K.L.:
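Below you will find the structure I want to go over with you.
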Amino acid sequence: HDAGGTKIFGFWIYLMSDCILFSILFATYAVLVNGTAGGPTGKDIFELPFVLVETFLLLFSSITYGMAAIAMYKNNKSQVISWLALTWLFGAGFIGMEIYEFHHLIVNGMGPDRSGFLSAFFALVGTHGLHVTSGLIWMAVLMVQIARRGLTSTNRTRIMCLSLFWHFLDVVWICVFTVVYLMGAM
Amino acid sequence: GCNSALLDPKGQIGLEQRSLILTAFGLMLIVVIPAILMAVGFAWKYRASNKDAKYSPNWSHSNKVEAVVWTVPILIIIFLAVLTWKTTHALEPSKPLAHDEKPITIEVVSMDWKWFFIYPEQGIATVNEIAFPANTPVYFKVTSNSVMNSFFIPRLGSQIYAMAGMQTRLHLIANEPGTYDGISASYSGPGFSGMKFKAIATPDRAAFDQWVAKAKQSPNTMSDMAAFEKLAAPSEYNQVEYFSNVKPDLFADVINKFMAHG
Amino acid sequence: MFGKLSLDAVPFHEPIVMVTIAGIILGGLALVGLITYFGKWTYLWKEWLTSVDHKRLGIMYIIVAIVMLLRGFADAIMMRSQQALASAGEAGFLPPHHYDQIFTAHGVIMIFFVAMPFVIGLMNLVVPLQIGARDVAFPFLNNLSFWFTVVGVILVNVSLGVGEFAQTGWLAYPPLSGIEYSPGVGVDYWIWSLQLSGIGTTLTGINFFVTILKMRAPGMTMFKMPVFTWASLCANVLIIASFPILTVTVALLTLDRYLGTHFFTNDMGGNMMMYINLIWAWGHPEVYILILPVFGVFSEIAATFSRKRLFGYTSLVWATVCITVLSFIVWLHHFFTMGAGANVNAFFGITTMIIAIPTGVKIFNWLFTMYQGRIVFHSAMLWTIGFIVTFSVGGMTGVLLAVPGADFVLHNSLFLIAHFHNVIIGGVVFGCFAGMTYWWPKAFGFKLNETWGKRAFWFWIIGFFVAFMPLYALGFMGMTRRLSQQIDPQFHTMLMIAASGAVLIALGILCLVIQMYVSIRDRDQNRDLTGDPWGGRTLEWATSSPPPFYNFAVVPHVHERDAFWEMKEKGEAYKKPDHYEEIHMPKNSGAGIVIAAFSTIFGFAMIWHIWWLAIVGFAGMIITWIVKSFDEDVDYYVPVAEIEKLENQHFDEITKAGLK
Amino acid sequence: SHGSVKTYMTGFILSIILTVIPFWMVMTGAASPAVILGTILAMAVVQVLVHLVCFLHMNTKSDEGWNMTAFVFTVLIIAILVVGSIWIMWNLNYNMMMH
Ligand code: HEO
Ligand SMILES: COC1=C(OC)C(=O)C(C/C=C(\C)CC/C=C(\C)CC/C=C(/C)CC/C=C(\C)CC/C=C(\C)CC/C=C(\C)CC/C=C(\C)CCC=C(C)C)=C(C)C1=O
Ligand code: HEM
Ligand SMILES: [Cu+2]
């Protein structure tokens, strides 16, 4: 009996479903990108240094999770919860910057209720941020479960599925920064 | 129905529309009639109750039958696909008609549960009724003032959608003088059953000039966008109305209510 | 106690809606009093509501389907009545306000709650028993998917008594369904009714795609599975790919409605067309998501009652795979009239017409199965021959409407409803009844009554013809969709004929009930005591009358394409294994129905703008997810005493049957 | 997400490059929009592949070779929609103008 294998395969298939979910919003941002209504454009609100620092925090997070997984496969509990704490803190930095910027936007009359461009922008970037905060929740609950139950079977399968999820979040962010922010700032 | 609006049409476009329909039908019959016929035939000749039949319990693969069950449908669809390419390129609603005239331009606005018509070259507008001389291309520009509608005159030709903030193009022609019913073929809310209009094909150009003359004498006028917004107020089963004067470029102004350009 | 919700949300004035509400709540009182009279509460809880058995869950799926078919057909009959009357110069009884609600609700129900669960439940029943597995890859997920379907149904039926339902048609076109043009709550019901339900369906699709690959029995290469699994597998793939599109489209529309975004609005940058493009990208896969499983069914029956091996097995699997692929490059043909040029139209019309060869190969292989067999005229094969005949004509009309120059005239006319009703009722409902009459003994131990079922089938086929084949002629003479008032009188006769057919269908449906009743009443004489009531071919028939909670006590080992038949043939088909082994199985959980209750509360609060309770609902649902991840009492072991007991029972029954 | 740590640090370095270069390329304005767009797209697809190899350990062996066929499948579907959509709407816009 090896149920972790099928659990991980099923999570892979869910992640493919998620890739579809995201491609639809990508196509949306494509079709309404220049659909501003006498308002700001991507070149006028995107400050690139911000975006690159967000990127590097996410990338760092993805690396610390890889190392956490390795610590699992070498049977260290403290190591796993440590790399996990670090990953969660970097992801927290990511969402913190994101909420700062979104609020600075809406408080200057540039929320998603001003043009089909700003609406699609909020859709895509908030869809990514929501996946990331969901992953943050998952990571915390799994961390307290690890601290109180040790490196059991369930916990290991759960680490693998959260690994898939975090890596895929970063992979979607590569595209979000290449197609939205960079291709606009250009 | 032979006397149908589609199977006995009166405009050229609908004419080729029907010819297309019938060749497609008679092309598909070749593999759908044998299907049903064989279905009942085998149902009977191989009923368990039969005896003389040849019951082969292990005949599961004949390459002959696979070949012929792949060979005929592929051919039919090749022919249909060629016909579809050609016809689709030959009946795009946005394509002028080849005939020695000057097309009459009509502008079509889908008001809440009403059809608005503007003759710009004539300076008139009518509610729920249009007219144009038979044997003369009619160029329809189409926009929706409210929610997605579909302008359609069945016995003359093709339908086309109507969106707010966009322009659409249709070209139709009438081969015989008479009155034809047109309707909105996309649901649009509470008074969708009353979106019926009547389109006339006058015999001569004279009678057409007389109908323009008639409209020219109305006590009403659509000059300010105020009157447009006055008329566009929600209403139902509107009576056919005429208007004397017309803000020159009012179709464009409507479309601009929703800001399209480029 | 708060929100838009008022005492002025229920039709207190309406004679029709209010009598229906009174009758439905009286009938609820009725079933409650009955169940608490008997004392079957605990039994329901511990056997059906919390079950992680694919058999039980499939049964409840089909129950929901059958009991919402009633609302669907009620609405259809009312619509036909209103039309036949408005044709005659009469006011009628259904204003547009109501009429439009009715057609929206009816389309939605019959597509999402009748058609979808019927197929998904037959799958749930027969796919694990066919591949030789003890359960599905994910049991608790099965429970939760069923209950998300139930939440959707509860919402779409609450809308009837409190508030109204969307007056926009079943796909909720954007401009009409925006906050400006439809300020009322009817669209909102439509929005959370499906979204929640969708969150379930997707899981179910994911759920099976894993099973059919990972949880098979040893020795069954993929080219040995029964055709139903192949088709089911194809259907699951399409679900996984398709339903995320619907998720995101409905999400963008709720954003448009709740926060003032401009995705499909008219002003401020939005574009309505994009919606029409997106939803049909999901809409066209979904019809296939339905025609593909039923297809499998017919194959199975074609092979059972003709009593020979399916013809062109490989060709059938390659046909279904090609269909799966090509089902993603034809959605544009649902809006040929929205203005796209000649090239986009030509391309997509071709790609739609190229989708025909697969299904044609399928029906010809079905026919050449029957060719030199022995056809036993059971109710199921009647359904099958009728499917062939009807679906042929339906698909022919469809091909003809895939030519854009013809769609230019026939778009949205009654021709469209004629054709798509043809294929759904012909291809879909026909096959789901075929499937219930085929696999009823495998689920309860007795056989349905043949006479009333034959009566039902004949009424259904004759009534479908006399109902819908006048609509081909009607859509030919100009009559369009969804008209309710002052209808042109030159449509009267045909419409007055259509209603006649509808009556006939009622009788068929009436027959169904009688067919069910006289069956259960007489369950103690018409039992399948072997497990093989038809001379079947696949593995499901090798099990018990009603199979054991674990499908097989010792996973079979396959060696050929039809597993059970070749076992029946060698001389070795009922061979008690030597030593029985403990079986590891999953437990029953009440957590899923609780997530689902919180989800219902959440949706109903979002629809009536009660924000604190929407918050409590979401909160509770996610919280419950987080608390069910803690407890590990999730599986148990079945000892050998019970396995020996049950298998001794079944082999006693068998030795008695071969005995006499 | 288990492998040697040296591989993970190599992937870190490669992705650090494949991020840093596009950003300097676009903000300073080194070349023309065509070279810019080409290089940014290319480098993005290369970072995606590097993450899916070293960070996701995606093989053609695991799960009977169905992990890959799944992935590839999704790609195609995405290509079918994202492009298809973009095409359709693009056209549907030009045929809605005040010509
Ligand atoms: C059961 C569900 C179902 C299925 C399976 C189908 C399968 C098909 N449909 Fe239908 N459809 C279905 C339910 C709908 N269709 C619709 C909309 C629709 C439209 C666009 C609507 C419009 O014109 O505006 C077209 C062109 C079709 C054509 C087809 C075709 C060509 C197939 C083909 O795959 C089936 C063809 C099968 C055949 C042909 C079998 C017979 C073949 C033989 C005998 C061999 C001969 C070979 C050849 C002729 C090549 N469908 C809509 C939209 C509803 C709405 O507008 O609200 C619905 C609900
Ligand atoms: C326009 O809309 C339409 C019409 O309305 C005009 C038609 O009438 C119709 C007629 C259609 C039918 C009769 C369909 C046939 C129905 C069938 C077969 C029944 C289906 C069987 C079922 C078991 C349905 C499932 C039911 C549920 C999941 C539960 C739903 C719960 C509901 C509806 C609760 C409603 C409760 C209320 C309204 C209580 C109101 C309380 C008050 C007013 C308090 C007042 C008290 C004081 C003191 C003032 C429809 C529905 C159509 O939608
Ligand atoms: C009892 C047999 C059925 C009858 C008599 C029936 C009747 C009707 C009628 C009269 C309409 C509207 C016709 C019009 O617009 O003029 C309709 C629409 C529809 N029906 Fe059916 N139907 C039946 C079964 C089904 C089934 C099994 C499905 C499964 C999908 C279904 C799905 C739909 C859909 C999606 C619509 C379109 C809803 C809309 O456009 O608003 N119907 N039906
Ligand atoms: Cu379709």
Side-chain angles (χ1 to χ4, degrees), chain B residues 27-28 30-32 34-36 72-74 76-77 80, chain C residues 7 9-12 14 16-21 23-25 27-28 31 67-75 78 94-95 97-102 104-107 111 115 150 153-162 164-165 167 169-171 280 283-288 290-292 294 323 327 330-331 333-337 349 352-364 388 391-403 406-407 410-412 415-417 419-428 481:
Chain B
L27 261 185
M28 252 178 292
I30 318 201
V31 190
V32 162
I36 50 196
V72 208
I74 60 185
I76 302 330
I77 287 281
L80 214 65
Chain C
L7 263 201
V10 294
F12 244 13
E14 209 61 28
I16 312 306
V17 163
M18 225 206 67
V19 296
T20 304
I21 290 303
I24 290 167
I25 72 104
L31 281 196
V67 315
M68 292 265 305
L69 180 95
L70 291 211
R71 203 214 182 272
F73 178 79
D75 271 14
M78 275 187 312
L94 284 186
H97 193 248
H98 292 0
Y99 190 87
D100 310 332
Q101 262 175 106
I102 285 152
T104 318
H106 159 97
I111 274 282
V150 192
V153 172
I154 295 154
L155 282 184
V156 81
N157 275 187
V158 169
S159 90
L160 189 179
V162 65
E164 23 91 44
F165 192 66
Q167 333 196 6
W170 67 292
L171 292 191
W280 277 120
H284 190 49
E286 200 240 356
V287 291
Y288 288 102
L290 310 157
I291 194 62
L292 260 166
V294 285
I323 292 180
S327 296
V330 275
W331 73 100
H333 71 234
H334 299 259
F335 49 94
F336 274 155
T337 40
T352 325
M353 291 182 356
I354 283 188
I355 219 154
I357 286 96
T359 81
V361 165
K362 254 158 159 44
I363 83 95
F364 270 64
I388 283 176
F391 185 84
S392 109
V393 155
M396 184 181 47
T397 62
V399 161
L400 179 126
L401 204 40
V403 195
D407 212 53
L410 291 142
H411 173 77
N412 263 30
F415 203 81
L416 177 55
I417 79 175
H419 144 90
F420 82 68
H421 268 102
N422 195 332
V423 276
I424 287 153
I425 289 160
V428 184
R481 218 206 280 215

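In listed order, ligands and their atoms are each counted from 1. Proteins come first, then strands; the chains are lettered A, B, ... in the order of their sequence lines, and each starts at number 1.
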K.L.:
Say whether C/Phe335 and ligand 1 are in contact under the criterion: heavy-atom distance to a ligand atom below 4.0 Å.
P.N.:
no

K.L.:
Got the closest protein heavy atom to atom 1 (C) of ligand 2, with its distance?
P.N.:
C/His98 O, 3.0 Å

K.L.:
Could you tell me the residue and atom name of the protein heavy atom closest to atom 1 (C) of ligand 1, and the distance to it rounded to 0.1 Å?
P.N.:
C/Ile424 CG1, 3.5 Å

K.L.:
In the complex you have, is atom 29 (C) of ligand 2 within reach of the protein, judged by whether a heavy-atom distance drops under 4.0 Å?
P.N.:
no

K.L.:
How close does the nearest protein non-hydrogen atom get to atom 35 (C) of ligand 2, and which residue and atom is it?
P.N.:
C/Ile21 CG2, 4.3 Å

K.L.:
Would you mind checking which non-hydrogen protein atom is closest to atom 33 (C) of ligand 1, with the distance to 0.1 Å?
P.N.:
C/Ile355 CG2, 3.9 Å

K.L.:
What do you think, any protein heavy atom under 4.0 angstrom from atom 33 (C) of ligand 2?
P.N.:
yes

K.L.:
Heavy-atom distances under 4.0 Å decide this one: backbone, side chain, both or neither, for C/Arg481 against ligand 1?
P.N.:
side chain

K.L.:
Measure across C/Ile323 and C/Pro358 and return the closest heavy-atom pair with its distance rounded to 0.1 Å.
P.N.:
CG1-CB, 3.2 Å

K.L.:
Could you check atom 20 (C) of ligand 2 against the protein and tell me its nearest heavy-atom contact, residue, atom and distance included?
P.N.:
C/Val67 O, 4.5 Å

K.L.:
Identify the protein heavy atom lying closest to atom 42 (C) of ligand 1, giving its residue, its atom name and the separation to 0.1 Å.
P.N.:
C/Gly360 CA, 4.1 Å

K.L.:
Within the structure, does at least one protein heavy atom fall under 4.0 Å of atom 14 (C) of ligand 2?
P.N.:
yes

K.L.:
Side-chain contact, heavy-atom cut-off 4.5 Å: B/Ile30 with B/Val72?
P.N.:
no

K.L.:
At under 4.0 Å between heavy atoms, which part of C/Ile323 makes contact with ligand 1: side chain, backbone, both or neither?
P.N.:
neither

K.L.:
So which heavy atom in the protein is nearest atom 31 (C) of ligand 2, and how far is it from that ligand atom?
P.N.:
C/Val158 CG2, 4.1 Å

K.L.:
Nearest protein heavy atom to atom 9 (C) of ligand 2: under 4.0 Å?
P.N.:
yes

K.L.:
Within the structure, is a non-hydrogen atom of C/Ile16 found at a distance of less than 4.0 Å from ligand 2?
P.N.:
yes

K.L.:
Please give me the minimum heavy-atom distance between C/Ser327 and C/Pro285, naming the atom from each residue.
P.N.:
O-CG, 3.6 Å

K.L.:
Go through ligand 2 atom by atom and flag the ones less than 4.0 Å from a non-hydrogen atom of C/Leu160.
P.N.:
51 (C)

K.L.:
With respect to atom 52 (C) of ligand 2, which of C/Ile102, C/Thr104, C/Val153 exhibits the smallest heavy-atom separation?
P.N.:
C/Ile102

K.L.:
At what distance is the nearest protein heavy atom to atom 24 (O) of ligand 1, and which residue and atom is it?
P.N.:
C/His411 ND1, 3.1 Å

K.L.:
Can you name the nearest heavy-atom pair linking C/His421 to C/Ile417, along with the distance?
P.N.:
ND1-O, 2.7 Å

K.L.:
Run the numbers for me: atoms of ligand 2, each under 4.0 Å from some heavy atom of C/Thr20, listed by number.
P.N.:
13 (C)

K.L.:
Can you check which of C/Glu164, C/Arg71, C/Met68 brings a heavy atom nearest to atom 51 (C) of ligand 2?
P.N.:
C/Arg71

K.L.:
Which count of protein N, O or S atoms is obtained for distances strictly below 2.8 Å from atom 10 (Fe) of ligand 1?
P.N.:
1

K.L.:
Against ligand 1, does B/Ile76 come closer than 4.0 Å with any heavy atom?
P.N.:
no

K.L.:
Give the residue and atom name of whichever protein heavy atom lies nearest to atom 12 (C) of ligand 2, and the separation in Å to one decimal.
P.N.:
C/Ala74 CB, 4.0 Å

K.L.:
Under 4.0 Å, heavy atoms only, figure out whether ligand 2 is touched by the backbone of C/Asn157, its side chain, both or neither.
P.N.:
both

K.L.:
Tell me: protein heavy atom nearest atom 37 (C) of ligand 1, and distance?
P.N.:
C/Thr359 OG1, 3.3 Å

K.L.:
Below 4.0 angstrom, counting only protein heavy atoms, does anything approach atom 6 (C) of ligand 2?
P.N.:
yes

K.L.:
Is any side-chain heavy atom of C/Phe165 less than 4.5 Å from a side-chain heavy atom of C/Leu160?
P.N.:
no

K.L.:
Short list, please: which atoms of ligand 2 are under 4.0 Å from a heavy atom of C/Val17?
P.N.:
4 (C), 5 (O), 6 (C), 8 (O)

K.L.:
Hey, is C/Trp331 touching ligand 1 through its side chain, its backbone, both or neither, going by heavy atoms under 4.0 Å?
P.N.:
neither

K.L.:
Which value, rounded to the nearest 0.5 Å, describes the distance between C/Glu14 atom CD and C/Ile21 atom CD1?
P.N.:
11.5 Å

K.L.:
Taking C/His98 for the side chain and C/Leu94 for the main chain, is one N or O donor matched with an acceptor at less than 3.5 Å?
P.N.:
no

K.L.:
So, C/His284 versus C/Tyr288, ring centres under 6.0 angstrom or not?
P.N.:
yes

K.L.:
Any side-chain heavy-atom pair from C/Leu400 and C/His419 closer than 4.5 angstrom?
P.N.:
no

K.L.:
Can you find a heavy atom in the side chain of C/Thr337 that is under 4.5 Å from one in the side chain of C/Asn412?
P.N.:
no

K.L.:
Counting only protein N/O/S, how many atoms fall short of 2.8 Å from the Cu ion (ligand 4)?
P.N.:
3

K.L.:
Run the contact test for C/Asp407 against ligand 1 with a 4.0 Å cut-off on heavy atoms, strictly below, and give the result.
P.N.:
yes

K.L.:
Could you tell me whether ligand 1 has any atom less than 4.0 Å away from a heavy atom of C/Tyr288?
P.N.:
yes

K.L.:
Measure the distance from atom 16 (C) of ligand 1 to every protein heavy atom, then report the residue, atom name and distance (to 0.1 Å) of the closest one.
P.N.:
C/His334 CE1, 3.9 Å

K.L.:
Is the closest protein non-hydrogen atom to atom 3 (C) of ligand 2 under 4.0 Å?
P.N.:
yes

K.L.:
Provide, to 0.1 Å, the distance between atom 11 (C) of ligand 2 and the closest protein heavy atom, together with that atom's residue and name.
P.N.:
C/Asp75 OD1, 3.4 Å

K.L.:
Just to be sure I'm reading this right: ignoring hydrogens, which of C/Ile291, C/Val294, C/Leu290 gets closest to atom 5 (C) of ligand 1? Compare them by their nearest heavy atoms.
P.N.:
C/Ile291

K.L.:
Relative to atom 19 (C) of ligand 2, which among C/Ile25, C/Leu7, C/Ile24 owns the nearest non-hydrogen atom?
P.N.:
C/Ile24

K.L.:
Taking the side chain as every heavy atom from C-beta outward, state whether C/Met78 and C/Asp75 have any atom pair closer than 4.5 Å.
P.N.:
yes

K.L.:
Side-chain contact, heavy-atom cut-off 4.5 Å: C/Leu7 with C/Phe12?
P.N.:
no

K.L.:
Do me a favour and list the nearest non-hydrogen protein atom to atom 50 (C) of ligand 1 with residue, atom name and distance?
P.N.:
B/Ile77 CG1, 3.2 Å

K.L.:
Tell me, which protein residue and heavy-atom name are nearest atom 40 (C) of ligand 2, and how many Å apart are they?
P.N.:
C/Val10 CG1, 4.4 Å

K.L.:
Specify the protein heavy atom at minimum distance from atom 57 (O) of ligand 1: its residue, its atom name, and the distance to 0.1 Å.
P.N.:
C/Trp170 NE1, 3.2 Å

K.L.:
List ligand 2 atoms under 4.0 Å from C/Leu70, heavy atoms only on the residue side.
P.N.:
18 (C)

K.L.:
Are any non-hydrogen protein atoms located under 4.0 Å from atom 48 (C) of ligand 2?
P.N.:
no

K.L.:
Could you name the option among C/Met353, C/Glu286, C/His333, C/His284 that has the heavy atom nearest to atom 20 (C) of ligand 1?
P.N.:
C/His333

K.L.:
Looking at side-chain heavy atoms only, is the closest gap between C/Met353 and C/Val403 below 4.5 Å?
P.N.:
yes

K.L.:
Within ligand 2, which atoms have a heavy atom of C/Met78 less than 4.0 Å away?
P.N.:
7 (C), 9 (C), 10 (C), 11 (C)

